[PDB]
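The structure file run08.cif is reproduced below (mmCIF, C-alpha atoms).
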data_protein
loop_
_atom_site.group_PDB
_atom_site.id
_atom_site.type_symbol
_atom_site.label_atom_id
_atom_site.label_comp_id
_atom_site.auth_asym_id
_atom_site.auth_seq_id
_atom_site.Cartn_x
_atom_site.Cartn_y
_atom_site.Cartn_z
ATOM 1 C CA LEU A 1 18.708 55.244 39.027
ATOM 2 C CA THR A 2 19.081 58.454 40.991
ATOM 3 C CA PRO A 3 16.699 60.873 42.853
ATOM 4 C CA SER A 4 15.163 63.563 40.659
ATOM 5 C CA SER A 5 15.769 67.225 41.443
ATOM 6 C CA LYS A 6 13.326 69.489 39.613
ATOM 7 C CA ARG A 7 9.658 69.685 40.557
ATOM 8 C CA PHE A 8 7.315 67.738 38.298
ATOM 9 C CA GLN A 9 3.773 68.745 37.586
ATOM 10 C CA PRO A 10 1.436 66.517 39.628
ATOM 11 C CA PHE A 11 0.119 64.801 36.493
ATOM 12 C CA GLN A 12 3.516 64.725 34.775
ATOM 13 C CA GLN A 13 5.292 61.452 35.536
ATOM 14 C CA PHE A 14 8.224 61.049 33.111
ATOM 15 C CA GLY A 15 10.845 63.702 32.492
ATOM 16 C CA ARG A 16 12.102 64.172 28.963
ATOM 17 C CA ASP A 17 15.382 65.330 27.448
ATOM 18 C CA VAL A 18 15.977 67.655 24.508
ATOM 19 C CA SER A 19 16.512 64.603 22.291
ATOM 20 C CA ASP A 20 13.317 63.096 23.781
ATOM 21 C CA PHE A 21 15.221 60.701 26.033
ATOM 22 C CA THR A 22 13.568 60.005 29.379
ATOM 23 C CA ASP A 23 15.744 61.244 32.246
ATOM 24 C CA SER A 24 13.223 60.995 35.090
ATOM 25 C CA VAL A 25 10.423 58.697 36.205
ATOM 26 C CA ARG A 26 7.557 58.452 38.696
ATOM 27 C CA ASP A 27 7.201 55.217 40.654
ATOM 28 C CA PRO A 28 3.847 53.548 39.867
ATOM 29 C CA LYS A 29 3.656 51.621 43.154
ATOM 30 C CA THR A 30 5.484 53.909 45.592
ATOM 31 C CA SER A 31 5.570 57.694 44.952
ATOM 32 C CA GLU A 32 8.906 59.352 44.159
ATOM 33 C CA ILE A 33 10.433 61.099 41.144
ATOM 34 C CA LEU A 34 13.787 59.604 40.133
ATOM 35 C CA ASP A 35 16.429 61.037 37.812
ATOM 36 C CA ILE A 36 17.545 58.670 35.041
ATOM 37 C CA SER A 37 21.004 58.656 33.463
ATOM 38 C CA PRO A 38 22.806 56.168 31.204
ATOM 39 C CA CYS A 39 25.364 53.703 32.490
ATOM 40 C CA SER A 40 28.977 54.288 31.409
ATOM 41 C CA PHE A 41 30.144 53.103 27.980
ATOM 42 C CA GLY A 42 33.511 53.830 26.381
ATOM 43 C CA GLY A 43 35.951 52.281 23.941
ATOM 44 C CA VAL A 44 39.002 50.448 25.231
ATOM 45 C CA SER A 45 42.234 51.283 23.425
ATOM 46 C CA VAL A 46 45.548 49.474 23.836
ATOM 47 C CA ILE A 47 48.694 51.589 24.125
ATOM 48 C CA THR A 48 51.720 49.524 23.201
ATOM 49 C CA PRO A 49 55.340 50.104 22.197
ATOM 50 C CA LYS B 1 -41.728 70.161 35.400
ATOM 51 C CA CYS B 2 -38.651 71.102 33.364
ATOM 52 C CA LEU B 3 -40.253 74.517 33.003
ATOM 53 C CA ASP B 4 -39.505 76.505 29.856
ATOM 54 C CA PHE B 5 -38.558 80.156 29.408
ATOM 55 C CA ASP B 6 -40.801 82.600 27.555
ATOM 56 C CA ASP B 7 -40.064 85.882 25.752
ATOM 57 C CA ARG B 8 -36.364 85.197 25.222
ATOM 58 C CA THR B 9 -34.110 87.507 23.233
ATOM 59 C CA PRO B 10 -32.158 85.755 20.459
ATOM 60 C CA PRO B 11 -28.542 85.032 21.438
ATOM 61 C CA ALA B 12 -27.467 87.122 18.398
ATOM 62 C CA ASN B 13 -24.197 85.122 18.212
ATOM 63 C CA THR B 14 -21.701 87.942 18.597
ATOM 64 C CA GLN B 15 -17.988 87.274 18.129
ATOM 65 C CA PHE B 16 -14.931 88.329 20.130
ATOM 66 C CA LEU B 17 -11.322 87.564 19.272
ATOM 67 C CA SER B 18 -9.795 84.573 21.038
ATOM 68 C CA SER B 19 -6.319 86.083 21.513
ATOM 69 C CA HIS B 20 -3.664 83.676 22.831
ATOM 70 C CA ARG B 21 -6.202 81.473 24.593
ATOM 71 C CA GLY B 22 -6.895 77.752 24.308
ATOM 72 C CA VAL B 23 -3.593 76.158 25.300
ATOM 73 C CA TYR B 24 -3.269 72.835 27.129
ATOM 74 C CA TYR B 25 -0.518 70.384 28.087
ATOM 75 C CA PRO B 26 -1.068 67.602 25.535
ATOM 76 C CA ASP B 27 0.871 64.945 27.424
ATOM 77 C CA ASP B 28 1.776 64.211 31.029
ATOM 78 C CA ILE B 29 5.472 64.563 30.287
ATOM 79 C CA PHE B 30 7.761 66.872 32.216
ATOM 80 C CA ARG B 31 10.170 68.937 30.167
#
Would you write out, as structure tokens, the structure that this file holds?
Amino acid sequence: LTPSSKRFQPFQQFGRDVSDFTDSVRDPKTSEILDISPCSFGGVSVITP
Amino acid sequence: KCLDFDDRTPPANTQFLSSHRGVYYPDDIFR
């Protein structure tokens, strides 16, 4: 969860990505727009002689 | 009360072209 940068429309609450993923949110209880990004995920690979 | 209007011209229902009018934001989603 990170703070959101770009200015939302007052009615617009959730920011959407090109692939329709949600990358920003509006707090329902408090009021602040937050940027949303995925947590890290890779694939471990073992190098070995 | 609710007085009526007398000697009223018909509306005549003329038409004008809409152009690029009638656009709304369907959802409250920022993009």
Requested in this report: Convert the output of the PyMOL selection byres ((chain A) within 7 of (chain B)) on the shown file into explicit residues, formatted as number ranges by chain.
Outcome: A: 8-9, 11-17
Query raised in the report: How many Å separate CA of residue 33 (chain A) from CA of residue 10 (chain A)?
Result: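 Taking CA of residue 33 (chain A) and CA of residue 10 (chain A), their separation equals 10.6 Å.
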Query - Selection under test: the PyMOL selection byres ((chain A and resi 37) around 10); residues as an MDAnalysis selection string - result: chainID A and resid 1:2 21:24 34:36 38:40
Which centre and which edge lengths, in Å to one decimal, describe the axis-aligned box that holds all listed atoms of region 20-37 of chain A after 8 Å is added on each side, as JSON?
{"center_x": 12.3, "center_y": 57.4, "center_z": 34.7, "size_x": 33.3, "size_y": 27.5, "size_z": 37.8}
Report task. Report the distance between CA of residue 7 (chain A) and CA of residue 20 (chain B) in Å, rounded to one decimal place. Result ->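 Atom-to-atom, CA of residue 7 (chain A) and CA of residue 20 (chain B) are spaced 26.2 Å apart.
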Query raised in the report: At what distance in Å, to one decimal, does CA of residue 5 (chain A) lie from CA of residue 32 (chain A)?
Result: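 Going from CA of residue 32 (chain A) over to CA of residue 5 (chain A) covers 10.8 Å.
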